[PDB]
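Before any questions on binding or motion, here is one chain by itself as structure tokens, the form deposited in one PDB entry.
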């Protein structure tokens, strides 16, 4: 199955991952309703996800995408947050659990900003918050998000991605780009679970502002 390898805080890989997370905290126009109010994270664990079967499916797909994108697979390290982390790290991402509805197409979404992904940790718009206190801004309960390897290949740019079922012909991913009456930040979407590898499992808590 999967093997989770703990990284030590003195390891530069650990430091690297935490910096990208802490440094990509942004202002969200919702007053912190979805992800909570914080200026910082308390990263309490970072585990490397080792799964040979998964890495091989990922690499094989990366090869097909390459063939179709003039030999560039176009890999990008992005964040993902959702209530299904434990399923993802063991079974990998699966498009079959992605459905067209609301503001989402039938794909798997990613963000370059950790605070964006944080908003989805407990569900769309934060859902009802943590399981124990039903608090979207809970500072007690431990949250988890993934910093993943995402194969974007040839991306199709657009303003909305809510009614997509697959990437457009000739493409392998879709990026919802910013717009005045639309998105505030870009969102990266894949429609095949094997186009993303859950490299890092980050366990953390948002911290209250001091």
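Residues that one form lacks are left out of the comparison. Here the rigid core means the biggest group of C-alpha atoms that line up within 1.5 Å when the two forms are laid on top of each other. Numbering follows the first chain given and starts at 1.
- Among the other PDB entries of this protein that were compared and that flank it with modelled residues, residue 109 is modelled in all, so it is never left out in a third of them.
- Modelling of residue 32 is complete across the other compared entries in which both of its neighbours are modelled; not even a third of them leave it out.
- Just going by the entry, 70-78 versus 93-101 on mean CA temperature factor gives the higher value to 70-78.
- A summary of the deposited B-factors shows that, of 108-116 and 131-139, the stretch with the larger mean C-alpha value is 131-139.
- Of the candidates 153, 169, 36, 178, the one whose C-alpha carries the top B factor in the deposited record is 178.
- Per the PDB record, residue ranking by Cα B-factor puts residue 158 in the middle third of the chain.
- Annotation for residue 45: CA B-factor lies in the lowest third of the chain's modelled residues.
- Among the modelled residues of the chain, residue 186 sits in the middle third by CA temperature factor in this PDB entry.
- When all modelled residues of the chain are sorted by CA temperature factor, residue 198 is found within the lowest third.
- Sort the modelled residues of the chain by CA B factor and residue 164 lands in the middle third.
Quick note: we don't show the form deposited in another entry, though the next part is all about it.
- Superposing the two forms on their core leaves just one of 100, 77, 87, 124 with a Cα displacement of at least 2 Å between this form and the one not shown, namely 100.
- For residue 66, the Cα coordinates differ by under 2 angstroms between this form and the one not shown after the core has been superposed.
- Taking the rigid core as fixed, one finds a CA shift for residue 184 smaller than 2 Å between this form and the one not shown.
- A movement of the C-alpha atom of residue 162 reaching 2 angstroms or beyond is seen between this form and the one not shown when the two forms are aligned on their rigid core.
- Figure legend: C-alpha atoms of residue 189 and residue 161, shown here, are separated by at least 3 angstroms more in that other deposited form.
- In that other deposited form, the Cα-Cα separation between residue 148 and residue 102 shrinks by 3 Å or more relative to the displayed conformation.
- Fitting the two forms on their rigid core shows CA movement of 2 Å or more between this form and the one not shown over runs of at least three residues at 99-104, 160-162.
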